[PDB]
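Shown below, as structure tokens, is a lone chain in the form deposited in one PDB entry; questions about how it binds or moves come after it.
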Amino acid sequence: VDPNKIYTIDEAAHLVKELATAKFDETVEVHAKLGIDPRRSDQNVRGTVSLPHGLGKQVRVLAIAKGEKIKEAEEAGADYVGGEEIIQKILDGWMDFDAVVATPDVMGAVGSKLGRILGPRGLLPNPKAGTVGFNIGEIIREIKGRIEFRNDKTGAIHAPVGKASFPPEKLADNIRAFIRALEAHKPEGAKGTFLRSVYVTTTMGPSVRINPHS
């Protein structure tokens, strides 16, 4: 619990499981202080990482599909599965999902009816974003691991990387993948130490400082 102690990623992945004391399976997060000034247009860090191990309910997925592809989406573990008939539910205000994926053959209606609704919300299935294809099961599994990140005005950033229930090797894998993605997103122009400090923590537990290069 010593605030000065820097743990390796492997040590942290084992520790966080012992620091998760809530009456529910807590989310594990990585928090970093970045060496950037987010008040500069040329120094924001925003993007996604695809984690090697998907995050279950952390990313609620609606799949819109037809025929055999519906059963494929269900089997892949999409939280909601429907055909074009789900369009009216969304028109009515239903927005309880974190991502939408679809097969090419429903996009006529999805694009025309839900373009102006899901589009601005960054939730419209998009070939360009890898969220429209006939490989709906693969898309679903990938999207369950696709985590968005965005620095706040202080230059701090964070992301969920698992649950306290995860095996430690899976937490470690996801922790490193997230850090690698931050480094991949360093602004060209930022000059000082990029990863100023990095922590692993749970929703309601202590923070454990880590060496992000371990």
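Shifts are known only where both forms have a C-alpha. Start at 1 with the first residue shown and count on from there. Superpose the two forms; the largest set of C-alphas matching within 1.5 Å is the rigid core.
Engineer: Averaging CA B factors per stretch from the PDB record, which one is higher: 56-64 or 169-177?
Structural biologist: The stretch with the larger average C-alpha B-factor is 56-64.
Engineer: For the higher mean C-alpha B factor in the entry, choose 38-46 or 178-186.
Structural biologist: Between 178-186 and 38-46, it is 38-46 that shows the higher mean C-alpha B-factor.
Engineer: Based on the PDB record, which member of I117, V100, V110, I86 exhibits the highest Cα temperature factor?
Structural biologist: That would be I86.
Engineer: If you compare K153, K163, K33, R150, which has the highest Cα B-factor in the entry?
Structural biologist: In this record, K153 carries the highest C-alpha B-factor of the candidates.
Engineer: Where does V16 sit by CA temperature factor within its chain: lowest, middle or highest third?
Structural biologist: CA B-factor rank for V16: highest third.
Engineer: Can you tell me whether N4 has a C-alpha B-factor in the lowest, middle or highest third compared with the other modelled residues of the same chain?
Structural biologist: For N4, whose C-alpha B-factor we compare with every modelled residue in the chain, the answer is the highest third.
Engineer: Would you please rank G137 by its C-alpha temperature factor against the other modelled residues of its chain and give the third it falls in: lowest, middle or highest?
Structural biologist: As the PDB entry reports it, the C-alpha B-factor of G137 lands in the highest third of its chain.
Engineer: According to the PDB entry, is the CA B factor of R121 in the bottom, middle or top third of its chain, that is, lowest, middle or highest?
Structural biologist: Lowest third, going by the recorded CA B-factors of the chain.
Engineer: By its CA B factor, does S207 count among the lowest, middle or highest third of the modelled residues in the chain?
Structural biologist: CA B-factor rank for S207: highest third.
This protein has a second form, the form deposited in another entry, left out of what is shown; the following refers to that one.
Engineer: Let me spell it out: fit the two forms on their rigid core, measure each listed C-alpha, and pick the one of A159, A181, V59, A172 that moves 2 Å or more between this form and the one not shown. Which is it?
Structural biologist: Meeting the 2 Å or more criterion is only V59.
Engineer: Would you tell me if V45 moves between this form and the one not shown by 2 Å or more at its C-alpha, with the rigid core held superposed?
Structural biologist: No.
Engineer: Any chance the CA of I36 moves 2 angstroms or more between this form and the one not shown, core superposed?
Structural biologist: No.
Engineer: Versus the form shown, are the CA atoms of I36 and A129 closer or farther apart in the other form, given a shift of 3 angstroms or more?
Structural biologist: Closer: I36 and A129 approach by 3 Å or more in the other form.
Engineer: Assuming the CA distance changes by 3 angstroms or more, are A129 and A159 closer together or farther apart in the other form compared with the shown structure?
Structural biologist: It is closer: the C-alpha separation of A129 and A159 falls by at least 3 Å in the other form.
Engineer: Spell out which consecutive segments of 3+ residues have Cα shifts of at least 2 angstroms at every position between this form and the one not shown, with the rigid core used for superposition.
Structural biologist: Shifted segment: only 56-144.
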